[PDB]
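Okay, coords_38.pdb now, which holds PDB, N, CA and C atoms:
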ATOM      1  N   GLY U   1       0.807  -1.206   0.000
ATOM      2  CA  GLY U   1       0.000   0.000   0.000
ATOM      3  C   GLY U   1       0.843   1.260   0.000
ATOM      4  N   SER U   2       0.879   1.945  -1.139
ATOM      5  CA  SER U   2       1.658   3.171  -1.268
ATOM      6  C   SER U   2       0.773   4.335  -1.704
ATOM      7  N   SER U   3       1.120   5.537  -1.254
ATOM      8  CA  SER U   3       0.355   6.731  -1.593
ATOM      9  C   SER U   3       1.279   7.929  -1.795
ATOM     10  N   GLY U   4       0.812   8.905  -2.567
ATOM     11  CA  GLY U   4       1.607  10.091  -2.826
ATOM     12  C   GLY U   4       1.163  10.825  -4.076
ATOM     13  N   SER U   5       1.293  12.147  -4.061
ATOM     14  CA  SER U   5       0.896  12.967  -5.200
ATOM     15  C   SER U   5       2.008  13.938  -5.583
ATOM     16  N   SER U   6       1.952  14.437  -6.814
ATOM     17  CA  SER U   6       2.956  15.373  -7.307
ATOM     18  C   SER U   6       2.393  16.227  -8.438
ATOM     19  N   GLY U   7       2.810  17.489  -8.482
ATOM     20  CA  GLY U   7       2.337  18.391  -9.516
ATOM     21  C   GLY U   7       2.612  19.845  -9.187
ATOM     22  N   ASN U   8       2.201  20.268  -7.995
ATOM     23  CA  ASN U   8       2.404  21.646  -7.563
ATOM     24  C   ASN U   8       3.848  21.873  -7.126
ATOM     25  N   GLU U   9       4.196  23.131  -6.881
ATOM     26  CA  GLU U   9       5.547  23.481  -6.457
ATOM     27  C   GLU U   9       5.549  24.788  -5.669
ATOM     28  N   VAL U  10       6.286  24.804  -4.562
ATOM     29  CA  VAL U  10       6.373  25.991  -3.720
ATOM     30  C   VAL U  10       7.807  26.502  -3.638
ATOM     31  N   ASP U  11       8.100  27.554  -4.394
ATOM     32  CA  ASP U  11       9.434  28.140  -4.406
ATOM     33  C   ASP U  11       9.435  29.503  -3.722
ATOM     34  N   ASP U  12       8.267  30.133  -3.668
ATOM     35  CA  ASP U  12       8.133  31.443  -3.041
ATOM     36  C   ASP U  12       7.974  31.308  -1.530
ATOM     37  N   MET U  13       7.795  30.075  -1.066
ATOM     38  CA  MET U  13       7.630  29.812   0.359
ATOM     39  C   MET U  13       6.887  30.956   1.041
ATOM     40  N   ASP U  14       5.888  31.499   0.354
ATOM     41  CA  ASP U  14       5.098  32.599   0.894
ATOM     42  C   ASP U  14       4.002  32.078   1.818
ATOM     43  N   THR U  15       3.965  32.603   3.039
ATOM     44  CA  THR U  15       2.968  32.190   4.019
ATOM     45  C   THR U  15       2.966  30.675   4.196
ATOM     46  N   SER U  16       4.134  30.118   4.501
ATOM     47  CA  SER U  16       4.268  28.680   4.695
ATOM     48  C   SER U  16       5.045  28.372   5.971
ATOM     49  N   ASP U  17       4.331  28.296   7.088
ATOM     50  CA  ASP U  17       4.953  28.009   8.375
ATOM     51  C   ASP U  17       5.674  26.665   8.342
ATOM     52  N   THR U  18       6.929  26.683   7.899
ATOM     53  CA  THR U  18       7.727  25.467   7.815
ATOM     54  C   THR U  18       8.627  25.315   9.035
ATOM     55  N   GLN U  19       8.195  24.492   9.985
ATOM     56  CA  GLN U  19       8.964  24.260  11.202
ATOM     57  C   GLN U  19       9.962  23.123  11.007
ATOM     58  N   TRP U  20      11.223  23.389  11.326
ATOM     59  CA  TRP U  20      12.274  22.387  11.186
ATOM     60  C   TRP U  20      12.422  21.571  12.466
ATOM     61  N   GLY U  21      12.438  20.249  12.321
ATOM     62  CA  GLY U  21      12.575  19.378  13.473
ATOM     63  C   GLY U  21      13.936  18.716  13.542
ATOM     64  N   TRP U  22      14.382  18.405  14.753
ATOM     65  CA  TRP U  22      15.678  17.766  14.950
ATOM     66  C   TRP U  22      15.508  16.307  15.360
ATOM     67  N   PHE U  23      16.377  15.446  14.840
ATOM     68  CA  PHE U  23      16.323  14.022  15.151
ATOM     69  C   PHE U  23      17.718  13.472  15.427
ATOM     70  N   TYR U  24      17.773  12.309  16.067
ATOM     71  CA  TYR U  24      19.045  11.677  16.395
ATOM     72  C   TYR U  24      18.946  10.159  16.274
ATOM     73  N   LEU U  25      19.908   9.564  15.576
ATOM     74  CA  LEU U  25      19.931   8.117  15.386
ATOM     75  C   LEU U  25      20.118   7.396  16.717
ATOM     76  N   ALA U  26      19.474   6.242  16.853
ATOM     77  CA  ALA U  26      19.573   5.452  18.075
ATOM     78  C   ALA U  26      20.479   4.242  17.873
ATOM     79  N   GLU U  27      20.567   3.397  18.896
ATOM     80  CA  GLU U  27      21.401   2.203  18.830
ATOM     81  C   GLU U  27      20.710   1.100  18.031
ATOM     82  N   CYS U  28      19.387   1.045  18.133
ATOM     83  CA  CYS U  28      18.608   0.039  17.422
ATOM     84  C   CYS U  28      18.608   0.310  15.921
ATOM     85  N   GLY U  29      18.694   1.586  15.556
ATOM     86  CA  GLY U  29      18.701   1.958  14.153
ATOM     87  C   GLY U  29      17.466   2.742  13.755
ATOM     88  N   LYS U  30      16.966   3.561  14.674
ATOM     89  CA  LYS U  30      15.782   4.370  14.415
ATOM     90  C   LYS U  30      15.979   5.799  14.912
ATOM     91  N   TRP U  31      15.930   6.753  13.989
ATOM     92  CA  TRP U  31      16.103   8.160  14.333
ATOM     93  C   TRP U  31      14.940   8.659  15.184
ATOM     94  N   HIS U  32      15.237   9.034  16.424
ATOM     95  CA  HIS U  32      14.215   9.530  17.338
ATOM     96  C   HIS U  32      14.265  11.053  17.435
ATOM     97  N   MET U  33      13.094  11.680  17.432
ATOM     98  CA  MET U  33      13.004  13.133  17.519
ATOM     99  C   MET U  33      13.316  13.612  18.933
ATOM    100  N   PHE U  34      13.787  14.850  19.044
ATOM    101  CA  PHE U  34      14.125  15.427  20.340
ATOM    102  C   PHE U  34      12.866  15.854  21.090
ATOM    103  N   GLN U  35      12.537  15.120  22.146
ATOM    104  CA  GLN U  35      11.356  15.423  22.948
ATOM    105  C   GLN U  35      11.751  16.008  24.299
ATOM    106  N   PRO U  36      10.945  16.962  24.791
ATOM    107  CA  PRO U  36      11.190  17.620  26.078
ATOM    108  C   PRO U  36      10.966  16.684  27.260
ATOM    109  N   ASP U  37      11.772  16.852  28.303
ATOM    110  CA  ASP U  37      11.660  16.023  29.497
ATOM    111  C   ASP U  37      12.190  16.761  30.723
ATOM    112  N   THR U  38      11.458  16.665  31.828
ATOM    113  CA  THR U  38      11.854  17.324  33.067
ATOM    114  C   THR U  38      12.362  16.315  34.088
ATOM    115  N   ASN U  39      11.563  15.284  34.346
ATOM    116  CA  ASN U  39      11.933  14.250  35.304
ATOM    117  C   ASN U  39      12.250  12.937  34.592
ATOM    118  N   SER U  40      11.295  12.453  33.805
ATOM    119  CA  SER U  40      11.469  11.205  33.070
ATOM    120  C   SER U  40      12.391  11.406  31.871
ATOM    121  N   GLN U  41      13.617  10.903  31.982
ATOM    122  CA  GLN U  41      14.593  11.028  30.907
ATOM    123  C   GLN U  41      14.787  12.488  30.513
ATOM    124  N   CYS U  42      14.803  13.367  31.509
ATOM    125  CA  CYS U  42      14.979  14.795  31.267
ATOM    126  C   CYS U  42      15.914  15.034  30.086
ATOM    127  N   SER U  43      15.536  15.967  29.218
ATOM    128  CA  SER U  43      16.336  16.289  28.043
ATOM    129  C   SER U  43      15.931  17.639  27.462
ATOM    130  N   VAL U  44      16.616  18.049  26.399
ATOM    131  CA  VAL U  44      16.327  19.321  25.747
ATOM    132  C   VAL U  44      15.284  19.151  24.648
ATOM    133  N   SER U  45      14.452  20.172  24.466
ATOM    134  CA  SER U  45      13.407  20.135  23.450
ATOM    135  C   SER U  45      13.975  20.466  22.073
ATOM    136  N   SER U  46      13.342  19.932  21.034
ATOM    137  CA  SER U  46      13.784  20.168  19.665
ATOM    138  C   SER U  46      14.007  21.656  19.414
ATOM    139  N   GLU U  47      13.414  22.488  20.264
ATOM    140  CA  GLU U  47      13.547  23.934  20.134
ATOM    141  C   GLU U  47      14.899  24.406  20.661
ATOM    142  N   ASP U  48      15.252  23.951  21.858
ATOM    143  CA  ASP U  48      16.519  24.325  22.475
ATOM    144  C   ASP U  48      17.687  24.036  21.537
ATOM    145  N   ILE U  49      17.877  22.760  21.213
ATOM    146  CA  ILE U  49      18.958  22.352  20.325
ATOM    147  C   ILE U  49      19.013  23.235  19.083
ATOM    148  N   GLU U  50      17.905  23.284  18.349
ATOM    149  CA  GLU U  50      17.828  24.093  17.138
ATOM    150  C   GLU U  50      18.264  25.529  17.414
ATOM    151  N   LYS U  51      17.599  26.170  18.370
ATOM    152  CA  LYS U  51      17.916  27.545  18.732
ATOM    153  C   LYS U  51      19.422  27.782  18.706
ATOM    154  N   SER U  52      20.181  26.792  19.166
ATOM    155  CA  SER U  52      21.634  26.893  19.196
ATOM    156  C   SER U  52      22.215  26.828  17.786
ATOM    157  N   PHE U  53      22.041  25.683  17.135
ATOM    158  CA  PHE U  53      22.547  25.489  15.781
ATOM    159  C   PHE U  53      22.385  26.760  14.953
ATOM    160  N   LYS U  54      21.325  27.510  15.234
ATOM    161  CA  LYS U  54      21.053  28.750  14.516
ATOM    162  C   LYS U  54      22.221  29.723  14.650
ATOM    163  N   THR U  55      22.468  30.180  15.873
ATOM    164  CA  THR U  55      23.554  31.114  16.136
ATOM    165  C   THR U  55      24.909  30.475  15.853
ATOM    166  N   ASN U  56      25.040  29.199  16.201
ATOM    167  CA  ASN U  56      26.286  28.472  15.984
ATOM    168  C   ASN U  56      26.038  27.196  15.185
ATOM    169  N   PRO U  57      25.957  27.338  13.854
ATOM    170  CA  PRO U  57      25.723  26.208  12.950
ATOM    171  C   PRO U  57      26.923  25.269  12.875
ATOM    172  N   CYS U  58      28.070  25.742  13.349
ATOM    173  CA  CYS U  58      29.291  24.944  13.335
ATOM    174  C   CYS U  58      29.930  24.904  14.719
ATOM    175  N   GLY U  59      29.098  24.754  15.745
ATOM    176  CA  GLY U  59      29.600  24.705  17.106
ATOM    177  C   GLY U  59      29.087  23.500  17.870
ATOM    178  N   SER U  60      28.798  23.694  19.153
ATOM    179  CA  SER U  60      28.302  22.612  19.996
ATOM    180  C   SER U  60      27.595  23.165  21.229
ATOM    181  N   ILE U  61      26.515  22.505  21.630
ATOM    182  CA  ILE U  61      25.749  22.929  22.796
ATOM    183  C   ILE U  61      25.962  21.980  23.970
ATOM    184  N   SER U  62      26.712  22.438  24.966
ATOM    185  CA  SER U  62      26.995  21.629  26.145
ATOM    186  C   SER U  62      25.886  21.776  27.183
ATOM    187  N   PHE U  63      25.336  20.646  27.615
ATOM    188  CA  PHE U  63      24.265  20.647  28.606
ATOM    189  C   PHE U  63      24.307  19.378  29.454
ATOM    190  N   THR U  64      23.725  19.451  30.646
ATOM    191  CA  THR U  64      23.696  18.311  31.554
ATOM    192  C   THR U  64      22.272  17.993  31.991
ATOM    193  N   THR U  65      21.861  16.744  31.790
ATOM    194  CA  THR U  65      20.521  16.311  32.164
ATOM    195  C   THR U  65      20.492  14.820  32.479
ATOM    196  N   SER U  66      19.381  14.360  33.043
ATOM    197  CA  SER U  66      19.228  12.953  33.398
ATOM    198  C   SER U  66      20.457  12.444  34.144
ATOM    199  N   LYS U  67      20.833  13.152  35.203
ATOM    200  CA  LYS U  67      21.991  12.774  36.005
ATOM    201  C   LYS U  67      23.148  12.333  35.115
ATOM    202  N   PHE U  68      23.301  13.001  33.976
ATOM    203  CA  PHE U  68      24.370  12.677  33.038
ATOM    204  C   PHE U  68      24.655  13.856  32.112
ATOM    205  N   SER U  69      25.901  13.958  31.661
ATOM    206  CA  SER U  69      26.306  15.041  30.772
ATOM    207  C   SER U  69      26.196  14.615  29.312
ATOM    208  N   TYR U  70      25.785  15.547  28.459
ATOM    209  CA  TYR U  70      25.635  15.268  27.036
ATOM    210  C   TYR U  70      26.120  16.446  26.197
ATOM    211  N   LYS U  71      26.687  16.143  25.034
ATOM    212  CA  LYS U  71      27.191  17.174  24.135
ATOM    213  C   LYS U  71      26.727  16.923  22.705
ATOM    214  N   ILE U  72      26.352  17.994  22.013
ATOM    215  CA  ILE U  72      25.890  17.888  20.634
ATOM    216  C   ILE U  72      26.708  18.785  19.711
ATOM    217  N   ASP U  73      27.558  18.169  18.897
ATOM    218  CA  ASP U  73      28.397  18.911  17.963
ATOM    219  C   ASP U  73      27.733  19.002  16.592
ATOM    220  N   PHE U  74      27.108  20.142  16.318
ATOM    221  CA  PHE U  74      26.431  20.355  15.043
ATOM    222  C   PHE U  74      27.415  20.250  13.882
ATOM    223  N   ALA U  75      28.567  20.897  14.029
ATOM    224  CA  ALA U  75      29.593  20.875  12.994
ATOM    225  C   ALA U  75      29.923  19.445  12.578
ATOM    226  N   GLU U  76      29.984  18.548  13.556
ATOM    227  CA  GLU U  76      30.292  17.148  13.290
ATOM    228  C   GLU U  76      29.051  16.400  12.809
ATOM    229  N   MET U  77      27.894  17.037  12.945
ATOM    230  CA  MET U  77      26.636  16.432  12.524
ATOM    231  C   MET U  77      26.348  15.163  13.319
ATOM    232  N   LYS U  78      26.659  15.196  14.611
ATOM    233  CA  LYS U  78      26.435  14.050  15.482
ATOM    234  C   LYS U  78      26.457  14.468  16.949
ATOM    235  N   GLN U  79      25.937  13.603  17.814
ATOM    236  CA  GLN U  79      25.898  13.885  19.244
ATOM    237  C   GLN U  79      27.052  13.195  19.966
ATOM    238  N   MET U  80      27.764  13.954  20.792
ATOM    239  CA  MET U  80      28.892  13.414  21.543
ATOM    240  C   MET U  80      28.502  13.145  22.993
ATOM    241  N   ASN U  81      28.539  11.875  23.385
ATOM    242  CA  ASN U  81      28.188  11.485  24.746
ATOM    243  C   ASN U  81      29.421  11.479  25.645
ATOM    244  N   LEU U  82      29.212  11.759  26.927
ATOM    245  CA  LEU U  82      30.306  11.785  27.892
ATOM    246  C   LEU U  82      30.049  10.805  29.032
ATOM    247  N   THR U  83      28.775  10.530  29.293
ATOM    248  CA  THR U  83      28.396   9.609  30.357
ATOM    249  C   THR U  83      28.788   8.178  30.011
ATOM    250  N   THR U  84      28.368   7.721  28.834
ATOM    251  CA  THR U  84      28.675   6.370  28.385
ATOM    252  C   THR U  84      29.654   6.388  27.217
ATOM    253  N   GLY U  85      29.737   7.529  26.538
ATOM    254  CA  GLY U  85      30.640   7.656  25.409
ATOM    255  C   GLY U  85      30.096   6.995  24.157
ATOM    256  N   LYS U  86      28.774   6.985  24.021
ATOM    257  CA  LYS U  86      28.129   6.380  22.862
ATOM    258  C   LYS U  86      27.994   7.389  21.726
ATOM    259  N   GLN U  87      28.397   6.981  20.527
ATOM    260  CA  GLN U  87      28.319   7.849  19.359
ATOM    261  C   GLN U  87      26.984   7.680  18.641
ATOM    262  N   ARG U  88      26.375   8.798  18.263
ATOM    263  CA  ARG U  88      25.093   8.774  17.570
ATOM    264  C   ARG U  88      24.985   9.933  16.584
ATOM    265  N   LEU U  89      24.769   9.605  15.314
ATOM    266  CA  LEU U  89      24.646  10.619  14.272
ATOM    267  C   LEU U  89      23.284  11.301  14.335
ATOM    268  N   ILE U  90      23.261  12.595  14.029
ATOM    269  CA  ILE U  90      22.023  13.362  14.047
ATOM    270  C   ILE U  90      21.615  13.781  12.638
ATOM    271  N   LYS U  91      20.532  14.546  12.544
ATOM    272  CA  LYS U  91      20.038  15.018  11.256
ATOM    273  C   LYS U  91      18.916  16.035  11.444
ATOM    274  N   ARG U  92      18.871  17.028  10.562
ATOM    275  CA  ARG U  92      17.848  18.064  10.631
ATOM    276  C   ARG U  92      16.873  17.946   9.463
ATOM    277  N   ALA U  93      15.585  17.873   9.778
ATOM    278  CA  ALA U  93      14.553  17.757   8.755
ATOM    279  C   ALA U  93      13.207  18.251   9.274
ATOM    280  N   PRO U  94      12.362  18.742   8.356
ATOM    281  CA  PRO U  94      11.032  19.255   8.699
ATOM    282  C   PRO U  94      10.076  18.147   9.130
ATOM    283  N   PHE U  95       9.104  18.502   9.963
ATOM    284  CA  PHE U  95       8.124  17.537  10.450
ATOM    285  C   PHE U  95       7.257  17.018   9.307
ATOM    286  N   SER U  96       6.663  17.941   8.557
ATOM    287  CA  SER U  96       5.804  17.578   7.436
ATOM    288  C   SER U  96       6.269  18.258   6.152
ATOM    289  N   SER U  97       6.004  17.615   5.019
ATOM    290  CA  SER U  97       6.399  18.156   3.724
ATOM    291  C   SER U  97       5.204  18.223   2.777
ATOM    292  N   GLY U  98       5.162  19.272   1.962
ATOM    293  CA  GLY U  98       4.070  19.437   1.020
ATOM    294  C   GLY U  98       2.945  20.286   1.580
ATOM    295  N   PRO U  99       2.291  21.061   0.702
ATOM    296  CA  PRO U  99       1.182  21.936   1.092
ATOM    297  C   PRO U  99      -0.067  21.153   1.481
ATOM    298  N   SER U 100      -0.110  19.884   1.085
ATOM    299  CA  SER U 100      -1.251  19.028   1.389
ATOM    300  C   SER U 100      -1.686  19.199   2.841
ATOM    301  N   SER U 101      -2.646  20.093   3.064
ATOM    302  CA  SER U 101      -3.149  20.354   4.406
ATOM    303  C   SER U 101      -3.627  19.065   5.069
ATOM    304  N   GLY U 102      -2.946  18.670   6.141
ATOM    305  CA  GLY U 102      -3.315  17.458   6.848
ATOM    306  C   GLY U 102      -2.400  17.172   8.024
TER     307      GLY U 102
END
Rewrite the structure from the file as structure tokens, please.
Amino acid sequence: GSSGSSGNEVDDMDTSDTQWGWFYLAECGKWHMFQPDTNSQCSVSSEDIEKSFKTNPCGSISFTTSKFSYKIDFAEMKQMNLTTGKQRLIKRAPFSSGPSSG
């Protein structure tokens, strides 16, 4: 079962609230989106991380959460762990694509 349409094109990006989302590859092999957390697996929201990459597209945002330290090097296009030292590649992409209101 496959679906999809094509024909229109948006180059003027006029009045098109295009929100960019951040994701990170896991150990199992599934890119998980950055979700906010305070107590349960406390972490940074897709907004925080992004907000940084903006001002520093080739830097890194150092932060500490979940009783553990974590580092995200945008320039390297991957997340640098310090607690366990696990390497995980990241990626930036929009939540939804196409004008197809839905």
Taking the backbone alone, and naming residues the way the document does, which bits of chain U are strand (DSSP E) by DSSP, as a short mmCIF file (atom, residue, chain, number, x, y, z; two decimals) with N, CA and C atoms, in the frame of the given file?
data_model
loop_
_atom_site.label_atom_id
_atom_site.label_comp_id
_atom_site.auth_asym_id
_atom_site.auth_seq_id
_atom_site.Cartn_x
_atom_site.Cartn_y
_atom_site.Cartn_z
N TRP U 20 11.22 23.39 11.33
CA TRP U 20 12.27 22.39 11.19
C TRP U 20 12.42 21.57 12.47
N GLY U 21 12.44 20.25 12.32
CA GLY U 21 12.58 19.38 13.47
C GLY U 21 13.94 18.72 13.54
N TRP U 22 14.38 18.40 14.75
CA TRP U 22 15.68 17.77 14.95
C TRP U 22 15.51 16.31 15.36
N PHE U 23 16.38 15.45 14.84
CA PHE U 23 16.32 14.02 15.15
C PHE U 23 17.72 13.47 15.43
N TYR U 24 17.77 12.31 16.07
CA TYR U 24 19.05 11.68 16.40
C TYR U 24 18.95 10.16 16.27
N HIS U 32 15.24 9.03 16.42
CA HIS U 32 14.22 9.53 17.34
C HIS U 32 14.26 11.05 17.43
N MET U 33 13.09 11.68 17.43
CA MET U 33 13.00 13.13 17.52
C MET U 33 13.32 13.61 18.93
N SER U 60 28.80 23.69 19.15
CA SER U 60 28.30 22.61 20.00
C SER U 60 27.60 23.16 21.23
N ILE U 61 26.52 22.50 21.63
CA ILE U 61 25.75 22.93 22.80
C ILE U 61 25.96 21.98 23.97
N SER U 62 26.71 22.44 24.97
CA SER U 62 27.00 21.63 26.14
C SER U 62 25.89 21.78 27.18
N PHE U 63 25.34 20.65 27.62
CA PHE U 63 24.26 20.65 28.61
C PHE U 63 24.31 19.38 29.45
N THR U 64 23.72 19.45 30.65
CA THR U 64 23.70 18.31 31.55
C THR U 64 22.27 17.99 31.99
N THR U 65 21.86 16.74 31.79
CA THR U 65 20.52 16.31 32.16
C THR U 65 20.49 14.82 32.48
N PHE U 68 23.30 13.00 33.98
CA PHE U 68 24.37 12.68 33.04
C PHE U 68 24.66 13.86 32.11
N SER U 69 25.90 13.96 31.66
CA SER U 69 26.31 15.04 30.77
C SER U 69 26.20 14.62 29.31
N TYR U 70 25.78 15.55 28.46
CA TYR U 70 25.64 15.27 27.04
C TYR U 70 26.12 16.45 26.20
N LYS U 71 26.69 16.14 25.03
CA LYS U 71 27.19 17.17 24.14
C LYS U 71 26.73 16.92 22.70
N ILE U 72 26.35 17.99 22.01
CA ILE U 72 25.89 17.89 20.63
C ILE U 72 26.71 18.78 19.71
N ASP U 73 27.56 18.17 18.90
CA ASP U 73 28.40 18.91 17.96
C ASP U 73 27.73 19.00 16.59
N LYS U 78 26.66 15.20 14.61
CA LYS U 78 26.44 14.05 15.48
C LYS U 78 26.46 14.47 16.95
N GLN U 79 25.94 13.60 17.81
CA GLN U 79 25.90 13.88 19.24
C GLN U 79 27.05 13.20 19.97
N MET U 80 27.76 13.95 20.79
CA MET U 80 28.89 13.41 21.54
C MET U 80 28.50 13.14 22.99
N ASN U 81 28.54 11.88 23.38
CA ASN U 81 28.19 11.48 24.75
C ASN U 81 29.42 11.48 25.64
N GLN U 87 28.40 6.98 20.53
CA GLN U 87 28.32 7.85 19.36
C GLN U 87 26.98 7.68 18.64
N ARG U 88 26.38 8.80 18.26
CA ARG U 88 25.09 8.77 17.57
C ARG U 88 24.98 9.93 16.58
N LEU U 89 24.77 9.60 15.31
CA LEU U 89 24.65 10.62 14.27
C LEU U 89 23.28 11.30 14.34
N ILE U 90 23.26 12.60 14.03
CA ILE U 90 22.02 13.36 14.05
C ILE U 90 21.62 13.78 12.64
N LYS U 91 20.53 14.55 12.54
CA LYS U 91 20.04 15.02 11.26
C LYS U 91 18.92 16.04 11.44
N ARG U 92 18.87 17.03 10.56
CA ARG U 92 17.85 18.06 10.63
C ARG U 92 16.87 17.95 9.46
N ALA U 93 15.58 17.87 9.78
CA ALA U 93 14.55 17.76 8.76
C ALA U 93 13.21 18.25 9.27
N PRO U 94 12.36 18.74 8.36
CA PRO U 94 11.03 19.26 8.70
C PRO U 94 10.08 18.15 9.13
#
Next on the checklist: Please determine, counting all atoms listed in the file, which residue among U:56, U:39, U:46, U:8 has the shortest atom-to-atom distance to residue U:20.
Outcome noted: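 Under the stated criterion, the closest residue is U:46.
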Next on the checklist: List as a VMD selection string the protein and nucleic acid residues near residue U:32, meaning an atom at most 12 Å away when only C-alpha atoms are counted, but skip any in the same chain fewer than 5 places from it.
Outcome noted: chain U and resid 21 to 27 46 88 to 93
Item to check | Chain and number of each residue from the PyMOL selection byres (((chain U and resi 18 and name CA) around 10) and name CA), as an MDAnalysis selection string | outcome: chainID U and resid 13 15:17 19:21 94:98
Residues of stretch 5-63 of chain U at most 7 Å from stretch 67-78 of chain U: nearest atom pair and distance in Å, all atoms listed in the file, as CSV:
residue,atom,partner,partner_atom,distance
U:53,CA,U:74,CA,6.5
U:56,C,U:74,CA,6.9
U:57,C,U:75,N,4.8
U:58,CA,U:75,CA,4.1
U:59,C,U:74,N,4.2
U:60,CA,U:72,C,4.2
U:61,N,U:72,C,4.2
U:62,CA,U:71,CA,4.9
U:63,C,U:70,N,4.2
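As for atom CA of residue U:85 and atom CA of residue U:37, they are spaced 21.1 Å apart.
Atom pair atom N of residue U:10 / atom CA of residue U:51 has a distance of 26.2 Å (rounded to one decimal).
Atom to atom, atom CA of residue U:80 and atom CA of residue U:50 stand 16.0 Å apart.
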Checklist entry - Smallest atom-to-atom distance to residue U:4: which of U:44, U:35, U:100, U:30, using only C-alpha atoms? => result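 Comparing U:44, U:35, U:100, U:30 against residue U:4, the winner is U:100.
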Provide stretch 65-78 of chain U rebuilt to N, CA, C and O atoms, formatted as a CSV table (one decimal), in the coordinates of the input.
chain,number,residue,atom,x,y,z
U,65,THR,N,21.9,16.7,31.8
U,65,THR,CA,20.5,16.3,32.2
U,65,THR,C,20.5,14.8,32.5
U,65,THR,O,21.5,14.1,32.2
U,66,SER,N,19.4,14.4,33.0
U,66,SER,CA,19.2,13.0,33.4
U,66,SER,C,20.5,12.4,34.1
U,66,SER,O,21.1,11.4,33.8
U,67,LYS,N,20.8,13.2,35.2
U,67,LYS,CA,22.0,12.8,36.0
U,67,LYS,C,23.1,12.3,35.1
U,67,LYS,O,23.9,11.4,35.5
U,68,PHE,N,23.3,13.0,34.0
U,68,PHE,CA,24.4,12.7,33.0
U,68,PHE,C,24.7,13.9,32.1
U,68,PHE,O,23.8,14.7,31.8
U,69,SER,N,25.9,14.0,31.7
U,69,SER,CA,26.3,15.0,30.8
U,69,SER,C,26.2,14.6,29.3
U,69,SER,O,26.5,13.5,29.0
U,70,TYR,N,25.8,15.5,28.5
U,70,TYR,CA,25.6,15.3,27.0
U,70,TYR,C,26.1,16.4,26.2
U,70,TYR,O,26.0,17.6,26.6
U,71,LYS,N,26.7,16.1,25.0
U,71,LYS,CA,27.2,17.2,24.1
U,71,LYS,C,26.7,16.9,22.7
U,71,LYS,O,26.7,15.8,22.2
U,72,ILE,N,26.4,18.0,22.0
U,72,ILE,CA,25.9,17.9,20.6
U,72,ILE,C,26.7,18.8,19.7
U,72,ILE,O,26.6,20.0,19.7
U,73,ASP,N,27.6,18.2,18.9
U,73,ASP,CA,28.4,18.9,18.0
U,73,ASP,C,27.7,19.0,16.6
U,73,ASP,O,27.8,18.1,15.8
U,74,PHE,N,27.1,20.1,16.3
U,74,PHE,CA,26.4,20.4,15.0
U,74,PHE,C,27.4,20.2,13.9
U,74,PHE,O,27.1,19.6,12.9
U,75,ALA,N,28.6,20.9,14.0
U,75,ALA,CA,29.6,20.9,13.0
U,75,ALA,C,29.9,19.4,12.6
U,75,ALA,O,30.1,19.2,11.4
U,76,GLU,N,30.0,18.5,13.6
U,76,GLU,CA,30.3,17.1,13.3
U,76,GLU,C,29.1,16.4,12.8
U,76,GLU,O,29.1,15.3,12.3
U,77,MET,N,27.9,17.0,12.9
U,77,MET,CA,26.6,16.4,12.5
U,77,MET,C,26.3,15.2,13.3
U,77,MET,O,25.9,14.2,12.8
U,78,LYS,N,26.7,15.2,14.6
U,78,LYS,CA,26.4,14.0,15.5
U,78,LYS,C,26.5,14.5,16.9
U,78,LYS,O,26.9,15.6,17.3
